[PDB]
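Q: What follows is a single structure, and I will ask about it in a moment.
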Amino acid sequence: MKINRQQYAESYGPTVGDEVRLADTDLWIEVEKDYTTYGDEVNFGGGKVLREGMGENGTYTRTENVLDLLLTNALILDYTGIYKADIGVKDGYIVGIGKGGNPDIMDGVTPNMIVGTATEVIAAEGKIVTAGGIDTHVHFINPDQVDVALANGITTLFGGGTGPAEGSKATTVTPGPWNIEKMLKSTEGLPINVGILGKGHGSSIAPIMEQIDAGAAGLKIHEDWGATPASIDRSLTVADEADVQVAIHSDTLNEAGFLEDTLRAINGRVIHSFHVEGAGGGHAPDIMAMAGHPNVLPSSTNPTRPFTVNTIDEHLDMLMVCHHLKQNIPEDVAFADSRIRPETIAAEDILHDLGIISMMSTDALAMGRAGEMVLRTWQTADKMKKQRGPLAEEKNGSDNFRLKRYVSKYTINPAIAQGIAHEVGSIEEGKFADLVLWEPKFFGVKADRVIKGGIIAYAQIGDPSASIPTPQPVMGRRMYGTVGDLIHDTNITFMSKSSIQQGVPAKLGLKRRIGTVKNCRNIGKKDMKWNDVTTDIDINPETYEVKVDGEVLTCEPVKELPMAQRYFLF
Amino acid sequence: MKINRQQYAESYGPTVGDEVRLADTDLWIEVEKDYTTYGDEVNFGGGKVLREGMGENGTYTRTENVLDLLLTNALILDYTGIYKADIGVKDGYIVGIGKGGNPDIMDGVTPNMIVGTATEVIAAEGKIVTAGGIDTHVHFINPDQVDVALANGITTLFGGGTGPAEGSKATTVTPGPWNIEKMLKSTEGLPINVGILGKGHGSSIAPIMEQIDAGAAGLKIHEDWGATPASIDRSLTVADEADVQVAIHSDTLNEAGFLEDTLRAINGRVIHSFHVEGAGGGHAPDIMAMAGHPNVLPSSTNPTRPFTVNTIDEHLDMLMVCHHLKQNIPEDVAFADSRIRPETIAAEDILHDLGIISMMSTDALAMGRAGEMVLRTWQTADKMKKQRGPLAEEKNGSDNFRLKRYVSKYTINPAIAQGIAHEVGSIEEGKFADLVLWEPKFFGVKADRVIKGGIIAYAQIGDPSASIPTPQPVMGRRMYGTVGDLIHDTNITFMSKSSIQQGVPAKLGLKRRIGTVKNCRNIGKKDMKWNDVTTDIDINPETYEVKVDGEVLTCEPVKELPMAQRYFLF
Amino acid sequence: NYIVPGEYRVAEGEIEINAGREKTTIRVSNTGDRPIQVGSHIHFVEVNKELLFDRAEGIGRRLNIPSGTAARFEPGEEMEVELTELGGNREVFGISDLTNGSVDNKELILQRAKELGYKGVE
Amino acid sequence: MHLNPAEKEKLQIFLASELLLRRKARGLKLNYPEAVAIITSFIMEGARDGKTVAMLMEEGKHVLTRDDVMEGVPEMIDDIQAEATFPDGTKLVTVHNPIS
Amino acid sequence: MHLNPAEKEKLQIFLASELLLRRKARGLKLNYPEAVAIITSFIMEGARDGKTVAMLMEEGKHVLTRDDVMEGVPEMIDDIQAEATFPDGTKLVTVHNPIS
Amino acid sequence: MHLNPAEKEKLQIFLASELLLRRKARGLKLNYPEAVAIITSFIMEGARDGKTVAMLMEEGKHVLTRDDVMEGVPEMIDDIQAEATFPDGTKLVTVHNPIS
Ligand code: NI
Ligand code: NI
Ligand code: NI
Ligand code: NI
Ligand SMILES: [O-]
Ligand SMILES: [O-]
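Protein chains in written order, with the entry's author numbering: chain C, 1 to 570; chain C', 1 to 570; chain B, 5 to 126; chain A, 1 to 100; chain A', 1 to 100; chain A'', 1 to 100. A prime marks a further copy of an entry chain.
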């Protein structure tokens with residue numbers, strides 16, 4: 001008996017060689033391999049395979065190679081591959097990627113992926129499954145930002161802030177031991193993973209270090225607190241001792257130095273350069289040259305992503321509004337013109353496509369959109385395909401190389417930068433079960449279901465009074481993973497090694513899972529998956545033209561994007 | 001001095017012999033007796049009776065026969081009677097039904113119903129008060145379902161699920177020790193009583209039993225997991241050891257057996273047959289014959305309740321949608337036609353009226369409506385009165401017999417089936433104070449106030465910014481019983497004896513009241529209050545005609561129901 | 005170049021299920037008066053007693069149909085079906101409790117089937 | 001009013017439909033959520049009018065045509081489901097392939 | 001806008017009134033929540049117009065008559081209460097027996 | 001529909017604008033939240049229409065004039081900001097001193 005491929009794909013999701021369109025983009029991903037045994041696919045329902053004595057084993061207790069949860073027939077999109085597999089989860093972690101079911105009667109069952117009495121099932125046939133997004137540039141300004149992030153598939157928020165205080169509205173900073181303690185306690189009620197950044201400012205070590213000991217997971221150097229050579233130096237000395245990451249928003253004003261002075265202060269130490277293109281902040285006009293260096297982990301923030309016809313007008317005015325700048329003060333106009341540059345924004349598109357900028361992030365509520373990191377990553381990839389063509393690395397027909405390069409920017413790379421990739425950032429055995437299911441038609445736009453620690457936390461679902469869950473209105477809603485004490489077991493608070501050793505979680509009564517930040521100081525650009533390119537980036541101080549390998553990097557802004565007015569009510 | 005009965009009823013609620021219409025139905029309930037002493041009625045307000053030295057005693061401390069709460073002048077509708085009384089609550093439990101006030105000066109005061117310094121008052125004059133509804137067929141799919149249930153007077157949810165995972169969207173099952181632990185922790189944030197069902201599937205005892213030890217309160221056998229003779233047998237062996245109830249959704253497909261095979265596997269042991277009519281699932285076409293047997297506790301789910309002109313068209317399509325069935329595949333059409341049957345749906349109305357189906361339930365979000373169990377019970381009773389007449393048992397004029405038969409279906413009977421009637425399910429001294437106040441005009445449609453453990457949890461109330469609580473918009477809202485740690489003291493998590501003995505609540509940090517499931521295995525149809533009839537139900541395999549005592553049970557579908565478009569905005 | 009969001013572009017060819025496993029065709033009759041529908045992965049010898057077929061030919065086998073589909077027998081209907089071999093360890097537990105171990109134990113399975121009235125033990 | 005949770009939620013469908021109808025009236029091709037809102041509100045208002053489930057399954061396929069919506073929207077909408085209070089209580093309507 | 005909790009809530013009354021007015025316009029006898037919504041929104045808009053509490057107590061009894069609503073609805077509505085911002089601040093209006 | 005949190009919230013702006021437009025139509029001078037609602041909804045509908053950010057910065061200054069609003073309202077509104085989905089994705093529009 002044979003099944004035609006159209007009918008197979010409709011029933012079980014796609015298999016090897018089949019392609020799927022990402023939303024309404026021109027991007028096609030192709031199934032590279034498939035772990036199934038044809039005829040023994042797992043599925044659940046009336047008269048289906050996962051029934052006792054059949055695809056469900058009726059013999060084994062939970063400890064005996066049985067799963068807590070099986071996602072059947074997933075199309076995985078990850079830095080590790082684009083492929084078809086069942087995903088097995090146990091104790092909140094991914095324990096198996098392969099083929100689930102019952103070894104009694106099925107061929108090819110992965111030995112620790114037994115469906116048993118203890119096993120829940122999520123049908124992933126016809127869905128794309130990715131890791132949860134890791135947003136490393138979050139300003140904690142308004143708690144309503146969490147659902148916004150979850151709805152676009154983000155599952156970890158790294159950053160700082162105490163709410164809508166000016167320090168926090170400007171900088172990803174929770175300053176000092178007391179504010180840090182308060183925000184660790186607030187975090188107990190946020191249905192998302194969290195890590196908190198302290199203020200990377202001071203000329204003595206102790207005031208900076210005591211934040212790490214209090215429970216910060218990293219530091220932010222920000223020009224609004226003085227991004228001076230001294231603050232840069234002390235923060236990196238702390239970070240090297242503490243094994244945490246430092247993010248920087250550099251001295252746009254060039255007040256205490258130019259880019260080369262900031263690099264001298266860094267002195268070859270590892271650093272995460274936020275909004276590296278510079279519209280979001282940094283040494284005018286040449287900050288983006290940071291992304292060429294081996295010790296720099298470079299990210300973009302999302303409003304420049306990608307370069308469109310409204311980008312400049314929007315940014316010039318956004319900047320003037322936010323800094324209370326006046327159009328009739330020439331220094332204000334000069335500042336704005338030095339900071340918002342089509343030459344560097346256009347080059348930023350291309351640097352992403354080339355693997356020179358390694359990460360995406362939001363800048364949520366400060367100069368960026370909490371629910372558009374994933375969205376804008378794919379809009380960028382689509383624009384680059386249209387303007388630059390398939391990458392040379394592609395094996396005819398598919399966009400798999402580009403898809404792996406771009407998915408890495410908001411999943412594994414930010415996790416590696418922050419020292420948390422042992423726990424999150426990819427679909428790999430041994431990592432926390434933060435997983436996002438997407439219908440291909442909504443891919444990158446609106447998540448179907450967001451799984452946190454192996455329990456659904458957020459879902460697009462309908463009328464709670466209806467006979468079935470699909471009648472209108474279908475909207476994003478918090479699910480049982482967020483309710484009661486389950487919010488503690490399905491989310492991680494990431495903290496410094498020292499705060500954990502000093503018993504801060506017990507002192508504060510933290511009940512969430514505690515994650516350790518580690519292996520942040522011994523990495524570089526080379527460790528950024530699919531985005532590991534170092535090169536000399538030249539930014540002309542007169543024209544702002546960007547050159548790499550002797551060639552000007554330029555492209556046009558687009559008038560329309562996919563993943564836009566077809567989907568959104570406003 | 002004498003008061004005319006119209007004026008008496010307006011001031012104090014109705015008294016003996018007075019009748020009240022249930023919503024906009026044709027059903028009339030009559031006050032059977034009244035515990036008051038005329039002239040010494042309790043009431044509260046400016047210049048009213050419950051004042052210090054008067055109807056409120058000023059001498060006694062709380063421990064000394066004083067109540068925490070008195071509901072004054074309640075018209076109780078319960079399996080135990082339809083009668084007028086004050087209701088006294090203390091330590092979260094009903095401690096007195098009788099006459100409240102001050103023995104200093106009033107005649108006829110029940111000795112432990114003293115209104116004292118410690119006593120809060122709820123005015124129930126002109127209200128009907130019932131026990132909270134006990135829904136034993138809940139799929140835990142979307143947390144927004146809890147308020148939907150509370151708004152129609154449901155106070156206990158028994159069932160299973162982990163959110164909108166396919167296993168849970170199909171089956172009332174929280175599978176295995178880990179999912180059960182996670183959902184017990186989630187339950188800490190749900191403002192309603194809860195019991196969790198494990199997966200009633202396996203061929204070895206240990207995988208099933210470990211769910212009971214983990215904290216499950218019962219088991220669900222579901223065809224979607226294999227409702228095989230072996231799974232039926234092992235689940236009942238577990239249940240008999242553990243003293244928990246087993247629910248079944250049987251093998252519709254007749255794959256491993258017909259109804260008689262399922263009954264043989266049951267082997268006379270006690271079982272709760274869900275959606276016994278079978279549109280909601282079970283041996284096609286004859287599952288409803290289960291309701292004749294002495295060891296079967298039979299429930300309906302709500303979308304077939306009652307038989308209306310849109311029922312069939314709605315169900316046929318609902319079934320096709322949910323099973324992804326195609327109208328041009330003859331086996332799919334044959335399946336649907338074998339499962340959705342006007343002959344058995346019409347007979348189901350009558351079997352309710354005769355006391356042969358003992359219980360109602362929702363099937364919330366799987367094939368049933370979370371907020372319509374109570375609603376549809378009364379619509380069924382009203383239809384049956386219109387089509388069959390007053391029951392022979394009625395004492396002229398009133399519908400009290402029918403009202404007690406039907407109120408029992410969603411209050412006491414499900415509580416007895418589940419082993420929880422020592423705690424909930426009726427307005428009786430010694431039981432938990434889960435009470436629902438209804439305005440007669442909204443009876444069965446929208447609850448006025450829902451009391452949980454003696455504190456109001458949910459209420460229809462107006463503008464929170466207004467001078468008084470009655471200005472618009474009046475809508476269902478969570479009250480103080482649901483806030484902070486009070487949610488722990490006003491709700492019960494029901495659990496197996498073994499999990500309680502093994503210290504699961506302490507292990508998981510559960511703060512809710514813990515209820516013990518017990519006395520589930522030594523009951524039968526005979527123990528279903530007002531609904532205790534056993535008989536041979538014949539279902540013709542060719543015509544689907546249902547016969548009891550040699551007579552075909554049939555009735556017509558209705559074009560209109562009460563408790564419908566007069567009340568609902570959508 | 006009309007865009008259907010999320011559309012597939014499947015490869016050429018067909019998918020062969022249960023490749024390399026022995027196939028067997030047998031006649032099966034629903035002798036009962038109610039419909040019986042049989043899923044792809046039920047041990048075929050353990051189906052409803054009132055299905056009449058050579059029960060020995062169902063041992064260690066299941067329907068050779070796509071995973072998650074079923075064969076339907078209306079009341080009184082007789083038809084041919086194609087079976088394939090079970091895989092993995094070739095053991096069955098539970099279901100109708102006819103096997104509870106290796107499917108190689110044909111005499112024991114048939115003894116149990118016969119005693120319990122599973123039609124077609126020869 | 002005594003609004004329950006569903007009544008509160010479903011007001012939003014009516015509102016989204018009103019928004020979408022204004023967009024259509026000024027000449028815009030409608031998008032996915034706009035199209036779904038219009039058809040959903042149509043079903044709920046039809047129930048209020050006292051139509052049958054069968055009538056609405058038919059009518060729901062003629063509310064919007066492909067020229068009313070953006071490219072790909074017809075193929076994005078496999079079905080639209082709504083529950084509303086009919087004269088005979090709450091019922092589910094599913095409109096299959098509403099826009100051809 | 002600086003919306004406070006009451007301003008957010010009361011938008012829903014206006015919306016429900018708009019829904020109910022459309023139902024009335026196409027010939028339907030109105031139900032309980034529809035009737036309450038129309039009269040409530042009338043009161044709040046009247047306050048906005050600068051009418052007095054006394055004027056609205058009078059006018060509120062003439063917004064809907066028994067022929068506008070289903071059987072039993074007049075007797076279900078004993079009064080309708082609304083607070084709104086008058087020229088002289090927030091005041092409570094109660095319309096007694098609004099539909100005779 | 002697949003509504004996200006922002007789509008749900010922004011429905012309320014459209015509704016408040018509809019309310020305010022009805023108030024203006026019956027002759028009332030508009031207040032602060034009414035004025036802000038009308039201009040905000042105008043911006044979001046303009047994005048939906050496919051106008052540019054630059055067009056809306058211009059047009060937003062001509063939606064309401066001082067004779068449309070109460071005393072002091074022009075001076076209370078320093079700017080109005082709205083984000084909406086343009087053909088090229090979400091963008092921020094700020095209308096400076098919208099009412100002269
Ligand atoms: Ni910055
Ligand atoms: Ni920032
Ligand atoms: Ni069921
Ligand atoms: Ni169910
Ligand atoms: O930033
Ligand atoms: O069910």
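Every residue gets a Cβ at the ideal spot worked out from N, C-alpha and C, and that includes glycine.
1) For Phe86 (chain A''), decide whether its Cβ has a neighbour in chain C, counting only Cβ atoms nearer than 7 Å.
2) Can you check whether the C-beta of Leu92 (chain A'') is within less than 7 Å of a C-beta belonging to chain A?
3) Any residues in the stretch 306-319 of chain C with a beta carbon nearer than 7 Å to a beta carbon of chain A''? Which ones, in chain order?
4) Are any of the Cβ atoms in chain A'' nearer than 7 Å to that of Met44 (chain A')?
5) Please list the segments of the beta strand (DSSP E) lying wholly inside the stretch 252-304 of chain C', counting only runs of 3 or more residues, in order along the chain.
6) Using C-beta distances below 8 Å, list every residue in its chain close to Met44 (chain A'), excluding the 5 sequence neighbours before and after it, in chain order.
7) In chain B, which residues lie less than 7 Å from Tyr38 (chain C) when you measure between Cβ atoms?
8) Quick check for students: name the residue ranges of the alpha helix (DSSP H) that lie wholly in the stretch 408-478 of chain C', counting only runs of 4 or more.
9) Does the CB of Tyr410 (chain C') have a neighbour CB from chain A' at under 7 Å?
10) For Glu95 (chain B), which beta-bridge partners are listed by DSSP?
11) So what's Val42 (chain C') in DSSP terms, helix, strand or just coil?
12) Please confirm whether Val173 (chain C) and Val517 (chain C) have their CB atoms less than 7 Å apart.
13) Is it true that the stretch 490-502 of chain C meets the stretch 459-478 of chain C, where meeting means three or more beta-carbon pairs spaced less than 8 Å apart?
14) Suppose you measure from the CA of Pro505 (chain C') to the CA of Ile514 (chain C'); what does that come to, to the nearest Å?
15) Does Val14 (chain B) have its Cβ less than 7 Å from a Cβ in chain A?
16) Quick check: the Cα distance between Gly444 (chain C') and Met106 (chain C'), rounded to an integer number of angstroms?
17) Are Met384 (chain C) and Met373 (chain C) touching if we call contact CB-CB under 7 Å?
18) Three-state secondary structure (DSSP) at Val504 (chain C)?
19) At what residue ranges does the stretch 167-192 of chain C contain a whole run of the beta strand (DSSP E), taking only runs of 3 or more?
20) Is it true that the CB of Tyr32 (chain A') sits closer than 7 Å to the CB of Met76 (chain A')?
21) For chain A'', find out if any of its Cβ atoms is closer than 7 Å to the Cβ of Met1 (chain A'); answer yes or no.
22) Under 7 Å between beta-carbons, which chain A'' residues line up against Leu19 (chain A')? List them in chain order, please.
23) When every heavy atom of ligand 3 is checked, does at least one fall within less than 6 Å of the C-beta of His272 (chain C)?
24) Measuring only between beta-carbons, confirm whether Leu64 (chain A) sits less than 7 Å from chain A''.
25) Using CA coordinates, which residue listed in B:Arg38, B:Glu16 and B:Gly92 is at the minimum distance from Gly282 (chain C')?
26) Using a Cβ-Cβ cut-off of less than 9 Å, give me the residues of the stretch 18-40 of chain A' that come near chain A'', in sequence order.
27) Give the single residue among A:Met57, A:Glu7 and A:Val93 whose Cα lies nearest to the Cα of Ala16 (chain A').
28) Listed from N- to C-terminal order along the chain, which residues in the stretch 82-94 of chain C' have their beta-carbon within a distance smaller than 7 Å of any beta-carbon of chain A'?
29) By how many angstroms is the C-alpha of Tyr480 (chain C) removed from the C-alpha of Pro464 (chain C')?
30) Can you name the start and end residues of the beta strand (DSSP E) that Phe86 (chain A) belongs to?
A: Once the coordinates are examined:
1) yes
2) no
3) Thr308, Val309, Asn310, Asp313, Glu314, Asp317 and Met318
4) no
5) 271-273 and 296-300
6) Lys10, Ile13, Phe14, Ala82 and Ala84
7) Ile19, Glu20, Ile21 and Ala23
8) 412-418
9) no
10) B:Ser106
11) coil
12) no
13) no
14) 8 Å
15) no
16) 35 Å
17) no
18) helix
19) none
20) yes
21) yes
22) Simply none; closest approach about 12 Å.
23) no
24) no
25) B:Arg38
26) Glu18
27) A:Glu7
28) none
29) 28 Å
30) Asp79 to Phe86
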